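A.B. asks: Once you've had a glance at the structure underneath, I'll fire off some questions.
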There are 4 protein chains.
Amino acid sequence: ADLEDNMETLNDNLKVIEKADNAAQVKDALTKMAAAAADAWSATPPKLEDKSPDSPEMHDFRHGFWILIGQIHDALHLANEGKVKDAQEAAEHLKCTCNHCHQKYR
Amino acid sequence: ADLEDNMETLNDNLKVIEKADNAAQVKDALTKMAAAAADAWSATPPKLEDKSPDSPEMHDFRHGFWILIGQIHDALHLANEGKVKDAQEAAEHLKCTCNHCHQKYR
Amino acid sequence: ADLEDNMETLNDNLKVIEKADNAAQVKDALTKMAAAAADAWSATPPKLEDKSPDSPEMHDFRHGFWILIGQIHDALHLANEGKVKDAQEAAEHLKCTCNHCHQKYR
Amino acid sequence: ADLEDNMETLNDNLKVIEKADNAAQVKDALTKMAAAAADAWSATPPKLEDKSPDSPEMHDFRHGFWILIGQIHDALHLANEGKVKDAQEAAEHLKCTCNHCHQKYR
Ligand code: HEC
Ligand code: HEC
Ligand code: HEC
Ligand code: HEC
Ligand SMILES: [Cl-]
Ligand SMILES: [Cl-]
Ligand SMILES: [Cl-]
Ligand SMILES: [Cl-]
Ligand SMILES: [Cl-]
Ligand SMILES: [Cl-]
Ligand SMILES: [Cl-]
Ligand SMILES: [Cl-]
Ligand SMILES: [Cl-]
Ligand SMILES: [Cl-]
Ligand SMILES: [Cl-]
Ligand SMILES: [Cl-]
Ligand SMILES: [Zn+2]
Ligand SMILES: [Zn+2]
Ligand SMILES: [Zn+2]
Ligand SMILES: [Zn+2]
Ligand SMILES: [Zn+2]
Ligand SMILES: [Zn+2]
Ligand SMILES: [Zn+2]
Ligand SMILES: [Zn+2]
């Protein structure tokens, strides 16, 4: 899918984790996020179209998605060990990877 | 020194790193931050006075300061290897430890 | 492929990185390692056959492979930025994930 | 104290954590280790006497001690939350910082 599509899958799903009553609402949401950042890894932002697919500025942009995946990964372990509030908090710490990518490439 | 004193040493010094023209302005600033978070480690917040000095909520609050110190530490290595922009960016990533402590204990 | 097959793909390829004269010998090798640990993630060790596929002892065993993948990942960035010795060193730091899995599950 | 003194405080205390029956034997030991690596931070190895106190090879050697301190730090939190086996395991993962310093500077 489209990048904006991915980003709007991430954002609308983080709200969901935040106002969640259910573990399986967090767990579900984080999986869609994981799959959206997986898709978004192989994707070129407006601000780096002119930069090479081997650009360091493109490596770093993709590794922002690599970090987000791992952060989401450890969040999914916590939801699966029953720690629903811990998970939501892991989920809230996503936003700093989110903003790191935005400030530097949006 | 007082906690608010420390926090207002941190904040007013992060602005300084952000609008900095000099390496030694970043390097200087980060050292005052380091020393302010060092002081603030041994300090009780309003919201945990009633909680024990061995409280897990007090351990975690102090370990927020432990993380910030290390983050500031790696920022000082970068300023000392000449990487002034890298440093400022390390400095900008402080804000997520900052907000993590605030959301949960301010 | 088989687990032992994977492990013997990892080991024989780490020797290769260590006595390497070429960047593309490190880079090549690390990719086979990456693919071998990817395969080995979805695999059951002798010592946990009786433990559930949702066992915490099986989660942790799989997350050992998750850590190794990321370690190998950052090793591949370094080989691709020209830092062939840095890479080999990243490669040498694999062995502690290697032994952590072995001591606890071999 | 002397570096060898520190190193022989670390080693003889890691054995102690490993064959420990008591939490306060782990907790005690890790504190002596912490204090020994604190001392050893401000210390020059034989192999870098000729290198500058601002050498990158001397920065990295000292930051090896910085990493070890944090590793020991998180080990002490676990001993203080009652997780005596977790602690011993944290303690066993020290050895890779230990060997990283040795291979490169002993
Ligand atoms: C890069 C590695 C990114 C990470 C990590 C995250 N985001 Fe992102 N985001 C990124 C870009 C390049 C853009 C701009 C898209 C455009 O072409 O305009 C965005 C944008 C958003 C948006 C707005 C979408 C739009 O219509 O402009 C949202 C709502 C958004 N991003 C959310 C978001 C969330 C919730 C993240 C983490 C959980 C996150 N982003 C990480 C690049 C990257
Ligand atoms: C805990 C581990 C904290 C970390 C890390 C940071 N801050 Fe903080 N901050 C903390 C508390 C408990 C408070 C409330 C103080 C009070 O008694 O009201 C604060 C407050 C601030 C403030 C406002 C001070 C005030 O007058 O209320 C600022 C400006 C501030 N903090 C800044 C700040 C910065 C810049 C940080 C990182 C670089 C940071 N804080 C981290 C607790 C903790
Ligand atoms: C688990 C998460 C592991 C990680 C990470 C690594 N290894 Fe491993 N290894 C693992 C198991 C369960 C076993 C036993 C296989 C058996 O059924 O006997 C092994 C074994 C090996 C072996 C020996 C293979 C054999 O014939 O017994 C080697 C040579 C080996 N492992 C190498 C290796 C290397 C080089 C690693 C990191 C780079 C590594 N392993 C990580 C489980 C896990
Ligand atoms: C550097 C950052 C180091 C870390 C981290 C650790 N060690 Fe070390 N160790 C270091 C040096 C430079 C030396 C050589 C001392 C000499 O002058 O010969 C050592 C040596 C040891 C020794 C042997 C002491 C001797 O008589 O030669 C031991 C037993 C030892 N180190 C143990 C040790 C342990 C247990 C560590 C982690 C828990 C560890 N070291 C880390 C430098 C560094
Ligand atoms: Cl991917
Ligand atoms: Cl990447
Ligand atoms: Cl899952
Ligand atoms: Cl301190
Ligand atoms: Cl702490
Ligand atoms: Cl300094
Ligand atoms: Cl996988
Ligand atoms: Cl996993
Ligand atoms: Cl690659
Ligand atoms: Cl120190
Ligand atoms: Cl250091
Ligand atoms: Cl202690
Ligand atoms: Zn990457
Ligand atoms: Zn950034
Ligand atoms: Zn701590
Ligand atoms: Zn938090
Ligand atoms: Zn995992
Ligand atoms: Zn282990
Ligand atoms: Zn350091
Ligand atoms: Zn090393």
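Residue numbering restarts at 1 for every chain of the structure tokens, chains are lettered A, B, ... in their displayed order, and ligands are numbered from 1 as they appear.
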Compile the contact shell of residue 62 (chain C) as a list in words: residues with an atom at most 12 Å away, counting only C-alpha atoms, same-chain residues fewer than 2 positions apart removed.

C.D. replies: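 Non-adjacent residues within range: residues 77 of chain A; 37, 38, 39, 40, 41, 42, 43, 44, 45, 48, 53, 54, 55, 56, 57, 58, 59, 60, 64, 65, 66, 67, 68, 69, 97, 101 and 105 of chain C.
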
A.B. asks: Print the selection's residues with N, CA and C atoms to a file, as a tab-separated table (two decimals), in the first residue's frame.

C.D. replies:
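Result went into result-v5.tsv, see below:
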```tsv
chain	number	residue	atom	x	y	z
A	77	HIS	N	5.12	-8.50	22.33
A	77	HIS	CA	5.48	-9.50	23.37
A	77	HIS	C	4.75	-9.20	24.68
C	37	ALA	N	19.26	-17.27	10.26
C	37	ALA	CA	18.61	-16.97	11.54
C	37	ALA	C	17.11	-16.67	11.38
C	38	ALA	N	16.77	-16.10	10.22
C	38	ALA	CA	15.39	-15.99	9.74
C	38	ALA	C	14.71	-17.35	9.64
C	39	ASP	N	15.39	-18.28	8.99
C	39	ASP	CA	14.87	-19.64	8.93
C	39	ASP	C	14.77	-20.23	10.36
C	40	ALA	N	15.85	-20.13	11.13
C	40	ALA	CA	15.92	-20.72	12.49
C	40	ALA	C	14.93	-20.17	13.56
C	41	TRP	N	14.44	-18.95	13.33
C	41	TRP	CA	13.36	-18.38	14.14
C	41	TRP	C	12.12	-19.29	14.26
C	42	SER	N	11.68	-19.81	13.12
C	42	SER	CA	10.52	-20.72	13.07
C	42	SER	C	11.13	-22.12	13.08
C	43	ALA	N	11.46	-22.60	14.29
C	43	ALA	CA	12.14	-23.90	14.50
C	43	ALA	C	12.14	-24.24	15.96
C	44	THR	N	11.94	-25.52	16.29
C	44	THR	CA	11.84	-25.98	17.69
C	44	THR	C	13.14	-26.74	18.10
C	45	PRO	N	13.80	-26.29	19.20
C	45	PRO	CA	15.03	-26.96	19.67
C	45	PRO	C	14.69	-28.28	20.39
C	48	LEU	N	13.19	-27.96	24.00
C	48	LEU	CA	11.83	-27.37	24.18
C	48	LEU	C	10.67	-27.97	23.32
C	53	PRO	N	4.29	-24.10	21.92
C	53	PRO	CA	4.75	-23.07	20.98
C	53	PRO	C	4.46	-21.65	21.47
C	54	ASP	N	3.65	-21.51	22.53
C	54	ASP	CA	3.44	-20.24	23.22
C	54	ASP	C	4.16	-20.17	24.56
C	55	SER	N	4.97	-21.17	24.87
C	55	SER	CA	5.80	-21.17	26.08
C	55	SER	C	6.66	-19.88	26.20
C	56	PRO	N	6.86	-19.36	27.44
C	56	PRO	CA	7.76	-18.21	27.57
C	56	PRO	C	9.21	-18.58	27.24
C	57	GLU	N	9.50	-19.87	27.35
C	57	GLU	CA	10.83	-20.46	27.18
C	57	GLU	C	11.10	-20.62	25.68
C	58	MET	N	10.01	-20.63	24.91
C	58	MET	CA	9.97	-20.71	23.45
C	58	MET	C	9.91	-19.30	22.81
C	59	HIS	N	9.22	-18.37	23.49
C	59	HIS	CA	9.22	-16.95	23.14
C	59	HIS	C	10.62	-16.38	23.25
C	60	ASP	N	11.20	-16.54	24.43
C	60	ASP	CA	12.59	-16.13	24.67
C	60	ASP	C	13.58	-16.79	23.69
C	64	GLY	N	15.77	-14.56	21.03
C	64	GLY	CA	17.22	-14.72	20.77
C	64	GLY	C	17.59	-14.66	19.30
C	65	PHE	N	16.75	-15.24	18.46
C	65	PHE	CA	16.92	-15.12	17.03
C	65	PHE	C	16.53	-13.72	16.53
C	66	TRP	N	15.50	-13.10	17.12
C	66	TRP	CA	15.13	-11.71	16.80
C	66	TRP	C	16.34	-10.76	17.09
C	67	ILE	N	16.95	-10.85	18.27
C	67	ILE	CA	18.13	-10.04	18.60
C	67	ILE	C	19.25	-10.28	17.59
C	68	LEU	N	19.62	-11.54	17.38
C	68	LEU	CA	20.67	-11.87	16.38
C	68	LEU	C	20.46	-11.24	14.97
C	69	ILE	N	19.21	-11.28	14.48
C	69	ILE	CA	18.81	-10.62	13.21
C	69	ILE	C	19.12	-9.13	13.23
C	97	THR	N	25.24	-13.37	21.77
C	97	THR	CA	23.86	-13.82	21.51
C	97	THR	C	23.90	-15.33	21.23
C	101	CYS	N	22.02	-18.06	23.76
C	101	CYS	CA	21.07	-19.10	23.33
C	101	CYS	C	21.55	-20.50	23.72
C	105	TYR	N	19.69	-23.11	26.17
C	105	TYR	CA	18.82	-23.96	25.31
C	105	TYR	C	19.57	-24.92	24.35
```

A.B. asks: May I ask you to write as a ChimeraX atom specification all residues lying at most 7 Å from ligand 7, with only C-alpha atoms and all ligand atoms counted?

C.D. replies: /A:27,31,76

A.B. asks: Within 10 Å of chain D, which residues of chain C are there when counting only C-alpha atoms? Please give them as a VMD selection string.

C.D. replies: chain C and resid 89 92 to 97 99 to 100

A.B. asks: Could the residues in this selection be saved with C-alpha atoms as an mmCIF file, in the first residue's frame?

C.D. replies:
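New file selection_25.cif:
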```cif
data_model
loop_
_atom_site.group_PDB
_atom_site.id
_atom_site.type_symbol
_atom_site.label_atom_id
_atom_site.label_comp_id
_atom_site.auth_asym_id
_atom_site.auth_seq_id
_atom_site.Cartn_x
_atom_site.Cartn_y
_atom_site.Cartn_z
ATOM 1 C CA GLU C 89 33.750 -6.321 15.001
ATOM 2 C CA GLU C 92 32.488 -10.709 16.668
ATOM 3 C CA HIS C 93 29.842 -9.266 19.139
ATOM 4 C CA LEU C 94 27.341 -11.809 17.657
ATOM 5 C CA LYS C 95 28.992 -14.515 19.751
ATOM 6 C CA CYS C 96 27.377 -13.335 22.975
ATOM 7 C CA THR C 97 23.864 -13.815 21.513
ATOM 8 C CA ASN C 99 26.354 -18.259 23.632
ATOM 9 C CA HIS C 100 23.321 -16.773 25.443
#
```

A.B. asks: Hey, could you lay chain D over chain C with a least-squares C-alpha fit (all atoms, paired in order) and save it as a short mmCIF file (atom, residue, chain, number, x, y, z; two decimals) with N, CA and C atoms, in the first residue's frame?

C.D. replies:
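Written file, out06.cif:
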```cif
data_model
loop_
_atom_site.label_atom_id
_atom_site.label_comp_id
_atom_site.auth_asym_id
_atom_site.auth_seq_id
_atom_site.Cartn_x
_atom_site.Cartn_y
_atom_site.Cartn_z
N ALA D 1 15.13 -24.53 5.84
CA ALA D 1 16.14 -25.58 6.24
C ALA D 1 16.20 -26.01 7.75
N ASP D 2 16.73 -27.21 7.97
CA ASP D 2 17.04 -27.78 9.31
C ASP D 2 17.76 -26.77 10.27
N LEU D 3 17.57 -26.89 11.59
CA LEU D 3 18.22 -25.97 12.58
C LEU D 3 19.75 -26.10 12.58
N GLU D 4 20.23 -27.32 12.86
CA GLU D 4 21.66 -27.66 12.71
C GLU D 4 22.21 -27.12 11.36
N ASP D 5 21.51 -27.37 10.25
CA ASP D 5 21.85 -26.72 8.97
C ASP D 5 22.03 -25.19 9.11
N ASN D 6 21.10 -24.53 9.81
CA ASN D 6 21.16 -23.07 10.01
C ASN D 6 22.37 -22.69 10.85
N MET D 7 22.45 -23.27 12.04
CA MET D 7 23.58 -23.10 12.94
C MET D 7 24.93 -23.36 12.30
N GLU D 8 25.03 -24.41 11.48
CA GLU D 8 26.27 -24.67 10.75
C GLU D 8 26.42 -23.69 9.56
N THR D 9 25.33 -23.05 9.08
CA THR D 9 25.46 -21.90 8.13
C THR D 9 25.98 -20.64 8.81
N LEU D 10 25.49 -20.37 10.03
CA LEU D 10 25.96 -19.25 10.86
C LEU D 10 27.45 -19.40 11.21
N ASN D 11 27.80 -20.48 11.92
CA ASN D 11 29.19 -20.72 12.38
C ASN D 11 30.22 -20.68 11.26
N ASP D 12 30.02 -21.49 10.24
CA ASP D 12 30.96 -21.53 9.11
C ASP D 12 31.05 -20.15 8.42
N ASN D 13 30.05 -19.29 8.59
CA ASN D 13 30.07 -17.95 7.97
C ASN D 13 30.64 -16.83 8.81
N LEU D 14 30.56 -17.00 10.11
CA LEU D 14 31.25 -16.13 11.05
C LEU D 14 32.78 -16.28 10.96
N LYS D 15 33.29 -17.51 10.80
CA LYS D 15 34.75 -17.78 10.59
C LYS D 15 35.19 -16.95 9.38
N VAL D 16 34.36 -17.03 8.34
CA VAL D 16 34.57 -16.35 7.05
C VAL D 16 34.71 -14.84 7.17
N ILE D 17 33.77 -14.21 7.89
CA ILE D 17 33.83 -12.76 8.24
C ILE D 17 35.15 -12.39 9.01
N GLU D 18 35.61 -13.31 9.87
CA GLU D 18 36.73 -13.09 10.78
C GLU D 18 38.08 -13.11 10.07
N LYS D 19 38.25 -14.09 9.18
CA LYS D 19 39.45 -14.20 8.34
C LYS D 19 39.25 -13.58 6.92
N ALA D 20 38.36 -12.58 6.80
CA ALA D 20 38.00 -11.98 5.51
C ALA D 20 39.02 -10.96 5.04
N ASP D 21 39.36 -11.01 3.75
CA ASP D 21 40.15 -9.98 3.05
C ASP D 21 39.25 -8.94 2.29
N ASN D 22 38.00 -9.30 2.03
CA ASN D 22 37.10 -8.53 1.17
C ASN D 22 35.89 -8.02 1.95
N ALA D 23 35.39 -6.83 1.59
CA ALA D 23 34.12 -6.32 2.11
C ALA D 23 32.97 -7.21 1.66
N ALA D 24 32.95 -7.54 0.36
CA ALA D 24 31.90 -8.39 -0.21
C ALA D 24 31.94 -9.84 0.26
N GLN D 25 33.04 -10.25 0.89
CA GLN D 25 33.10 -11.51 1.64
C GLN D 25 32.39 -11.41 2.99
N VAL D 26 32.51 -10.25 3.67
CA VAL D 26 31.81 -9.98 4.94
C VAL D 26 30.34 -9.82 4.61
N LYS D 27 30.04 -8.95 3.65
CA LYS D 27 28.68 -8.56 3.24
C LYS D 27 27.87 -9.77 2.78
N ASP D 28 28.44 -10.53 1.85
CA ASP D 28 27.91 -11.84 1.46
C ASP D 28 27.61 -12.71 2.70
N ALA D 29 28.63 -13.01 3.49
CA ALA D 29 28.50 -13.89 4.65
C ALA D 29 27.38 -13.52 5.64
N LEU D 30 27.34 -12.25 6.02
CA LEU D 30 26.32 -11.73 6.91
C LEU D 30 24.86 -11.92 6.40
N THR D 31 24.69 -11.91 5.07
CA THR D 31 23.38 -12.12 4.42
C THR D 31 22.90 -13.56 4.52
N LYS D 32 23.84 -14.50 4.38
CA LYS D 32 23.58 -15.92 4.58
C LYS D 32 23.26 -16.21 6.04
N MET D 33 23.91 -15.45 6.94
CA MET D 33 23.68 -15.55 8.38
C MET D 33 22.29 -15.04 8.70
N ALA D 34 21.96 -13.89 8.10
CA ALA D 34 20.66 -13.25 8.27
C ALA D 34 19.57 -14.19 7.83
N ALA D 35 19.74 -14.77 6.65
CA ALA D 35 18.78 -15.74 6.12
C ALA D 35 18.72 -17.03 6.90
N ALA D 36 19.82 -17.40 7.53
CA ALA D 36 19.85 -18.62 8.34
C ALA D 36 19.16 -18.46 9.66
N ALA D 37 19.26 -17.27 10.26
CA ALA D 37 18.61 -16.97 11.54
C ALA D 37 17.11 -16.67 11.38
N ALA D 38 16.77 -16.10 10.22
CA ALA D 38 15.39 -15.99 9.74
C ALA D 38 14.71 -17.35 9.64
N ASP D 39 15.39 -18.28 8.99
CA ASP D 39 14.87 -19.64 8.93
C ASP D 39 14.77 -20.23 10.36
N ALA D 40 15.85 -20.13 11.13
CA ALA D 40 15.92 -20.72 12.49
C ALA D 40 14.93 -20.17 13.56
N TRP D 41 14.44 -18.95 13.33
CA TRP D 41 13.36 -18.38 14.14
C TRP D 41 12.12 -19.29 14.26
N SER D 42 11.68 -19.81 13.12
CA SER D 42 10.52 -20.72 13.07
C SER D 42 11.13 -22.12 13.08
N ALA D 43 11.46 -22.60 14.29
CA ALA D 43 12.14 -23.90 14.50
C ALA D 43 12.14 -24.24 15.96
N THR D 44 11.94 -25.52 16.29
CA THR D 44 11.84 -25.98 17.69
C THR D 44 13.14 -26.74 18.10
N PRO D 45 13.80 -26.29 19.20
CA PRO D 45 15.03 -26.96 19.67
C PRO D 45 14.69 -28.28 20.39
N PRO D 46 15.61 -29.28 20.40
CA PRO D 46 15.40 -30.51 21.18
C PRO D 46 14.90 -30.29 22.60
N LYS D 47 15.51 -29.32 23.29
CA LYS D 47 15.29 -29.09 24.72
C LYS D 47 13.92 -28.43 25.03
N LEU D 48 13.19 -27.96 24.00
CA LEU D 48 11.83 -27.37 24.18
C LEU D 48 10.67 -27.97 23.32
N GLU D 49 10.90 -29.10 22.63
CA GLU D 49 9.82 -29.89 21.96
C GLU D 49 8.57 -30.10 22.83
N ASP D 50 8.80 -30.54 24.07
CA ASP D 50 7.72 -30.70 25.08
C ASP D 50 7.10 -29.38 25.58
N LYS D 51 7.83 -28.28 25.46
CA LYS D 51 7.27 -26.96 25.82
C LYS D 51 6.40 -26.40 24.70
N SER D 52 5.37 -25.66 25.10
CA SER D 52 4.36 -25.15 24.17
C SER D 52 4.94 -24.20 23.11
N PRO D 53 4.29 -24.10 21.92
CA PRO D 53 4.75 -23.07 20.98
C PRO D 53 4.46 -21.65 21.47
N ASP D 54 3.65 -21.51 22.53
CA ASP D 54 3.44 -20.24 23.22
C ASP D 54 4.16 -20.17 24.56
N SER D 55 4.97 -21.17 24.87
CA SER D 55 5.80 -21.17 26.08
C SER D 55 6.66 -19.88 26.20
N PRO D 56 6.86 -19.36 27.44
CA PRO D 56 7.76 -18.21 27.57
C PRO D 56 9.21 -18.58 27.24
N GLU D 57 9.50 -19.87 27.35
CA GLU D 57 10.83 -20.46 27.18
C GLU D 57 11.10 -20.62 25.68
N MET D 58 10.01 -20.63 24.91
CA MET D 58 9.97 -20.71 23.45
C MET D 58 9.91 -19.30 22.81
N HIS D 59 9.22 -18.37 23.49
CA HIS D 59 9.22 -16.95 23.14
C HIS D 59 10.62 -16.38 23.25
N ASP D 60 11.20 -16.54 24.43
CA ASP D 60 12.59 -16.13 24.67
C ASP D 60 13.58 -16.79 23.69
N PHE D 61 13.39 -18.05 23.36
CA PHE D 61 14.31 -18.76 22.43
C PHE D 61 14.22 -18.12 21.02
N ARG D 62 13.00 -17.89 20.56
CA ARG D 62 12.75 -17.15 19.32
C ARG D 62 13.24 -15.68 19.37
N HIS D 63 13.13 -15.01 20.52
CA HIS D 63 13.55 -13.60 20.58
C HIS D 63 15.07 -13.51 20.57
N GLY D 64 15.77 -14.56 21.03
CA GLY D 64 17.22 -14.72 20.77
C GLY D 64 17.59 -14.66 19.30
N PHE D 65 16.75 -15.24 18.46
CA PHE D 65 16.92 -15.12 17.03
C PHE D 65 16.53 -13.72 16.53
N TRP D 66 15.50 -13.10 17.12
CA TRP D 66 15.13 -11.71 16.80
C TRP D 66 16.34 -10.76 17.09
N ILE D 67 16.95 -10.85 18.27
CA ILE D 67 18.13 -10.04 18.60
C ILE D 67 19.25 -10.28 17.59
N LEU D 68 19.62 -11.54 17.38
CA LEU D 68 20.67 -11.87 16.38
C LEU D 68 20.46 -11.24 14.97
N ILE D 69 19.21 -11.28 14.48
CA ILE D 69 18.81 -10.62 13.21
C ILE D 69 19.12 -9.13 13.23
N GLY D 70 18.71 -8.43 14.27
CA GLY D 70 19.01 -6.99 14.37
C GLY D 70 20.50 -6.70 14.47
N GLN D 71 21.21 -7.58 15.16
CA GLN D 71 22.66 -7.40 15.34
C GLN D 71 23.36 -7.55 13.99
N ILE D 72 22.98 -8.60 13.27
CA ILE D 72 23.38 -8.84 11.86
C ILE D 72 22.97 -7.72 10.91
N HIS D 73 21.74 -7.18 11.06
CA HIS D 73 21.24 -5.98 10.35
C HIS D 73 22.13 -4.75 10.46
N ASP D 74 22.50 -4.35 11.68
CA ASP D 74 23.38 -3.19 11.88
C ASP D 74 24.80 -3.46 11.37
N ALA D 75 25.16 -4.75 11.32
CA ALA D 75 26.45 -5.19 10.77
C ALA D 75 26.45 -4.99 9.27
N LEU D 76 25.34 -5.30 8.62
CA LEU D 76 25.19 -5.08 7.17
C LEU D 76 25.18 -3.61 6.76
N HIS D 77 24.64 -2.71 7.59
CA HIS D 77 24.72 -1.25 7.31
C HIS D 77 26.17 -0.80 7.26
N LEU D 78 26.99 -1.32 8.19
CA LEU D 78 28.39 -0.90 8.33
C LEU D 78 29.20 -1.37 7.11
N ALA D 79 29.10 -2.65 6.74
CA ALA D 79 29.67 -3.15 5.49
C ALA D 79 29.28 -2.34 4.22
N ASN D 80 28.04 -1.83 4.19
CA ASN D 80 27.50 -1.00 3.08
C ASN D 80 27.92 0.50 3.15
N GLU D 81 28.39 0.96 4.30
CA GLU D 81 28.96 2.31 4.43
C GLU D 81 30.51 2.30 4.28
N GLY D 82 31.06 1.13 3.94
CA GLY D 82 32.50 0.94 3.71
C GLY D 82 33.33 0.52 4.91
N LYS D 83 32.70 0.43 6.09
CA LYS D 83 33.40 0.20 7.36
C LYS D 83 33.54 -1.32 7.57
N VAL D 84 34.49 -1.91 6.84
CA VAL D 84 34.72 -3.37 6.82
C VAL D 84 35.24 -3.93 8.15
N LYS D 85 36.11 -3.20 8.85
CA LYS D 85 36.65 -3.63 10.17
C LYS D 85 35.60 -3.47 11.27
N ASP D 86 34.89 -2.34 11.28
CA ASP D 86 33.73 -2.11 12.16
C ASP D 86 32.72 -3.28 12.08
N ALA D 87 32.41 -3.69 10.85
CA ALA D 87 31.53 -4.83 10.52
C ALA D 87 31.96 -6.15 11.10
N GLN D 88 33.24 -6.46 10.92
CA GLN D 88 33.85 -7.67 11.46
C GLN D 88 33.74 -7.65 12.97
N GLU D 89 33.89 -6.47 13.55
CA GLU D 89 33.75 -6.32 15.00
C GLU D 89 32.30 -6.49 15.43
N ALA D 90 31.38 -5.79 14.77
CA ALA D 90 29.94 -6.11 14.96
C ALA D 90 29.74 -7.63 14.89
N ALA D 91 30.31 -8.24 13.86
CA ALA D 91 30.26 -9.70 13.69
C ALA D 91 30.81 -10.49 14.89
N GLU D 92 31.92 -10.05 15.47
CA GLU D 92 32.49 -10.71 16.67
C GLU D 92 31.58 -10.61 17.92
N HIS D 93 30.87 -9.48 18.08
CA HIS D 93 29.84 -9.27 19.14
C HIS D 93 28.58 -10.14 18.95
N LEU D 94 28.37 -10.75 17.79
CA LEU D 94 27.34 -11.81 17.66
C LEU D 94 27.47 -12.93 18.67
N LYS D 95 28.71 -13.27 19.02
CA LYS D 95 28.99 -14.52 19.75
C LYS D 95 28.36 -14.57 21.11
N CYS D 96 28.07 -13.43 21.69
CA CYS D 96 27.38 -13.34 22.98
C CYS D 96 25.88 -13.62 22.94
N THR D 97 25.24 -13.37 21.77
CA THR D 97 23.86 -13.82 21.51
C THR D 97 23.90 -15.33 21.23
N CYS D 98 24.80 -15.74 20.33
CA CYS D 98 25.13 -17.13 20.13
C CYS D 98 25.22 -17.91 21.48
N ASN D 99 26.14 -17.52 22.37
CA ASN D 99 26.35 -18.26 23.63
C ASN D 99 25.16 -18.11 24.56
N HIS D 100 24.56 -16.93 24.64
CA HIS D 100 23.32 -16.77 25.44
C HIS D 100 22.25 -17.84 25.06
N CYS D 101 22.02 -18.06 23.76
CA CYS D 101 21.07 -19.10 23.33
C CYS D 101 21.55 -20.50 23.72
N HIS D 102 22.85 -20.79 23.49
CA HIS D 102 23.47 -22.10 23.78
C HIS D 102 23.49 -22.56 25.24
N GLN D 103 24.03 -21.70 26.09
CA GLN D 103 24.01 -21.92 27.53
C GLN D 103 22.62 -22.23 28.04
N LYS D 104 21.62 -21.50 27.55
CA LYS D 104 20.25 -21.60 28.07
C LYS D 104 19.31 -22.62 27.36
N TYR D 105 19.69 -23.11 26.17
CA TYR D 105 18.82 -23.96 25.31
C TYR D 105 19.57 -24.92 24.35
N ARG D 106 20.82 -25.30 24.65
CA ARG D 106 21.57 -26.31 23.86
C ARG D 106 22.26 -27.25 24.83
#
```

A.B. asks: What is the atom 1 (C, counted along the ligand's line) of ligand 4-atom 1 (Zn, counted along the ligand's line) of ligand 19 distance in Å, reported with one decimal?

C.D. replies: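 Rounded to one decimal, the two atoms are 21.6 Å apart.
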